[PDB]
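Residue numbers (UniProt numbering), protein chains in the order written: chain F, 59 to 220, 273 to 694; chain Y, 604 to 691; chain G, 436 to 488, 506 to 611; chain P, 2 to 260. First the structure, in the form of structure tokens, and then the observations on it.
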Ligand SMILES: Nc1ncnc2c1ncn2[C@@H]1O[C@H](COP(=O)(O)OP(=O)(O)OP(=O)(O)O)[C@@H](O)[C@H]1O
Ligand SMILES: [K+]
Ligand SMILES: [Mg+2]
């Protein structure tokens, strides 16, 4: 930059890798600065001395250089695979020399007389016979792409067959590290090509966020939301590659539960820092709390991206259908971010169409008399939509949230409220809709009118019901089964019984007790009152009450204890209607 | 019913593993010989249509399938109960 | 629900409670909000302490119920509340509960004119525990033990 | 290699530092709140001294101005003594305030780092990819165009794809040539092998039968799952390697049976 004649010994800045299967050597060449005779003695001969840092010290007032090799111990990693190492080099201010050693306590320096090198250095490894792997085309490509793909000079690999007698493939370093540029210069085509190159995806990202941070901890990063959930995103047998951490553009680490929470594991990206307390090995970072502080800045940013994405209705629909499973797992686990994650949720509702609404959209449609958010859980939208539990709630025109996937039973345990309003299940004991004194009077007339029928139906069903009582929620059905306020709902029990590896010895504790509600306004129920009043011990009333109970149980979402008893009752009633004159 | 119950459901993948349902007749059963006779004697008979569907919904339960909507099934029951009692 | 535990089991719960309390103090966290309704049981009788839960007064120390100074929280304050918890575990019955007047509680506790009734304790309560309860609720903060002492006593007491 | 600047970090919600008897979600709340309170309490203790020291600095300065006024003037025989006793007592006070301030800064230099004191934001840019929208084309021309664009360029590459008939080299072409995973590549193997049937070239028909059944496997799999054929994986080839492996023993007759 300041003495432009320096490059007249060779203008180009490059790296060449040259395996030799015939001679069992791997050669690396560069056109960099090279070494004098004094520099070969001092820098390759002295353990824990670095020419690199000395060079950096001689620079003044914040030069635009950021070099990698601080410690002064890495050169000797050559002997991990080599039996012997030769370094041939030439500086501008010196002759060409050879350095040679097999790490046997001594090294040799010699003036070289072979083909000239214009400037720079050639490293030659004579490989061990059980390390010949690194002469093969495939391992050299894997290693260079795994560790060095962002180094910022062209790395060219040479091979004696391809037709060509020397292929010279620069493609080992084809992709530029886009995150180093000012983002105002970067178009969606450039993010797109990078992201395909980072992830091997055949399709673009949905959204991308580029950001940076400054102070004691300095870094830049790229985070991508993919357009599709990965086919195997949730598999618990696969180690995740999703975020890579680089220092001064060389790869440090992977497999990182520390850098990002598991509920955000679909985000792909790169974090690149200029300065971190690296381990001697360069495989890891010394103060591991640093990773945690990097995480706390990633999560805030990830959530912001989702939030901004929620302003594009089209794209938020694509996102949410691929990753809605993720956000609800965040409500369950993240006791800090639960409150923002809830504003990202959307549901089908009864007042809505086939289009989904936010909880803040439920709240803006609430009547001034509503003090809670009503919801139902179940196995499908159709099954909950025609459900007996929602008949009076929809008759009175309240909105009901429909929750219909198994993960909804987990996040609703933890999301007690939204915007100060509590969630209340239409399936539990002790629901209330807003009061009307006329109705209250009718319920007091009704509980008096039916009192002893509830007593008989609690004598008949005694084993398997906590109480029998008048419904405040039924219309167009003679009864429903509802659960106690503590312990599991009807749906939670179904999910629990199917967990392949779960310990079921605690089921006797977590299953809730059943409550039976009757609709007193209903024909069957009022005629049952008259017949039960006519004679309390008529076995026909005991038979009718049990048949009603099983039917209600089934439609309420609970499995029957033995379905054959049930089917047999049906097959007997079918005969009676079908006109079998043989009663036998 | 195990697969439908998993939390991390991956439901995009779900549709393709539903097995096809097949229905087996017991030819000795007195309901189904009575059905064999009503089927020959009147083919347009809506009584058969209702019998065949109520048998099918009841057969699903026996075999461990859930119902696509449990309300239609219970309504068929509340109708038989009303006729048996003489309510309507 | 008034369910009952064996004396050994009551001790196991007190032990876990102390073991958690010591860990908080080691981290220099003063719990302050220590109430028996803020301690929860889980499978195996695992104790979980948290902020997750009259009682506006009952579990607090005589200086704290008085608002005698500006939020004079200390480890001994937590100890006092712990001692109260031990008392209810070892009676099945709230302290002072022959009386329930709000101003009388502020008077009689704040000015030192009543202990909890240690005559109400279980007949199966180890004498060492009776002392531990009495010690943890000694009136002066300078008179009551810290968790390391409490826990050491509990383990020795339990063995 | 001095890494000591990194030694003292506090992370409120650290998951590795927990105890079995404390509720994790409440432990994060207490540690979070505690660091906040310390930062406010320590800042109050610091600002109390800034209030205090400014007062003594101004009082000493003004009494010194008055000392200069009175020591040259009538009554200076006592007012020098008074305003010097003020200058000196107020100067003693200044030194005390400075000591309290320098102890406070040495305490601040002794406090651990946290997520507020380590860093501040730089760039922030969010982009959402609106560009891709649905389009239609006449498939009769697309077919001829894909023949020109790929098949004439890859027909010589048929020998680069699988030639061993039970496990194959180039199987990573699900990454390396993903854009060719299509029905037109399968139709290609039916359009192009006609010379092999005419010339009785059994060995080429046999080796390309392996490539053909693999194309039918991945395209049929993609149809059967309602997925993009490009979304298949060499794990899926490993899955059809499990148990009973293949049906290609009949396709060894297709090469004649299809004539
Ligand atoms: N091709 C080269 N041209 C010029 N100098 C080189 C070359 N290769 C190695 N060096 C010199 O060798 C010195 C020692 O390098 P080495 O890799 O062993 O340690 P380092 O680079 O100083 O530290 P680190 O282990 O972190 O890489 C370098 O600092 C540099 O002076
Ligand atoms: K060195
Ligand atoms: Mg180096």
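Don't be surprised by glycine CBs; every beta carbon is placed ideally from N, CA and C.
Is the CB of residue i under 8 angstroms away from at least one CB in chain F?
i: residue 168 of chain P; result: no
i: residue 26 of chain P; result: yes
i: residue 628 of chain Y; result: no
i: residue 640 of chain Y; result: no
i: residue 645 of chain Y; result: no
I want to verify the contact list: residues of chain Y whose CB lies under 8 angstroms from the CB of residue i, in sequence order.
i: residue 591 of chain F; result: Within chain Y, no residue comes near residue 591 of chain F; the closest Cβ sits about 12 angstroms away, beyond 8 angstroms.
When every heavy atom of ligand 3 is checked, does at least one fall within less than 7 angstroms of the C-beta of residue i?
i: residue 132 of chain F; result: yes
i: residue 103 of chain F; result: no
i: residue 379 of chain F; result: no
i: residue 178 of chain F; result: no
i: residue 485 of chain G; result: no
i: residue 127 of chain F; result: yes
Evaluate residue i with the Cβ neighbour count: other Cβ atoms within 10 Å of its Cβ, from every protein chain shown; 16 or more gives buried, anything less gives exposed.
i: residue 552 of chain G; result: exposed
i: residue 248 of chain P; result: exposed
i: residue 176 of chain F; result: exposed
i: residue 435 of chain F; result: buried
i: residue 519 of chain G; result: exposed
i: residue 168 of chain P; result: exposed
i: residue 651 of chain F; result: buried
i: residue 655 of chain Y; result: exposed
i: residue 543 of chain G; result: buried
i: residue 617 of chain F; result: exposed
i: residue 329 of chain F; result: buried
i: residue 62 of chain F; result: exposed
Cβ closer than 7 angstroms: which chain F residues qualify as neighbours of residue i?
i: residue 174 of chain P; result: By Cβ distance, chain F contributes nothing, its closest Cβ being about 13 angstroms from residue 174 of chain P, past 7 angstroms.
Quick one: list the residues of chain P neighbouring residue i, beta-carbon separation under 9 angstroms, in chain order.
i: residue 418 of chain F; result: 127 and 129
Using a Cβ-based criterion (distance less than 7 angstroms to any ligand heavy atom), does residue i qualify as near ligand 1?
i: residue 394 of chain F; result: no
i: residue 114 of chain F; result: no
i: residue 88 of chain F; result: yes
i: residue 154 of chain F; result: no
Mapping DSSP to helix, strand and coil, what is residue i?
i: residue 114 of chain P; result: strand
i: residue 278 of chain F; result: strand
i: residue 448 of chain G; result: helix
i: residue 651 of chain Y; result: helix
i: residue 148 of chain F; result: strand
i: residue 93 of chain P; result: helix
i: residue 37 of chain P; result: helix
Using a beta-carbon distance below 8 angstroms, is residue i in contact with chain Y?
i: residue 496 of chain F; result: yes
i: residue 435 of chain F; result: yes
i: residue 344 of chain F; result: yes
i: residue 677 of chain F; result: yes
Anything in chain Y within Cβ reach of residue i, meaning under 7 angstroms, just list it in chain order.
i: residue 560 of chain F; result: Going along chain Y, no residue has its Cβ under 7 angstroms from residue 560 of chain F, so there is no contact; the nearest lies around 17 angstroms.
i: residue 608 of chain F; result: 604, 605 and 608
i: residue 222 of chain P; result: Chain Y residues near residue 222 of chain P: none, gap ~10 angstroms exceeds 7 angstroms.
i: residue 226 of chain P; result: 619
i: residue 566 of chain F; result: Residues of chain Y passing the Cβ test: none, with the nearest at roughly 17 angstroms.
Going along chain G in order, which residues have a C-beta closer than 8 angstroms to the C-beta of residue i?
i: residue 114 of chain P; result: Those do not exist, as residue 114 of chain P stays about 18 angstroms from chain G at its closest Cβ, beyond 8 angstroms.
Using a Cβ cut-off of 7 angstroms, pull out every chain P residue sitting near residue i, in sequence order please.
i: residue 487 of chain G; result: 24 and 27
i: residue 474 of chain F; result: Correct list: empty, because the minimum Cβ distance to chain P is about 25 angstroms.
Which chain Y residues sit within Cβ distance under 9 angstroms of residue i?
i: residue 683 of chain F; result: 680, 683, 684 and 687
i: residue 515 of chain F; result: 610, 612 and 614
i: residue 373 of chain F; result: Those do not exist, as residue 373 of chain F stays about 11 angstroms from chain Y at its closest Cβ, beyond 9 angstroms.
Say whether chain P places a C-beta atom closer than 8 angstroms to the C-beta of residue i.
i: residue 339 of chain F; result: no
Taking 7 angstroms as the cut-off, is the beta-carbon of residue i closer than that to any non-hydrogen atom of ligand 4?
i: residue 165 of chain F; result: As presented, the structure is devoid of ligand 4, carrying ligand 1, ligand 2 and ligand 3 as its sole ligands.
Please find out if some non-hydrogen atom of ligand 2 comes closer than 7 angstroms to the beta-carbon of residue i.
i: residue 5 of chain P; result: no
i: residue 111 of chain F; result: no
i: residue 107 of chain F; result: yes
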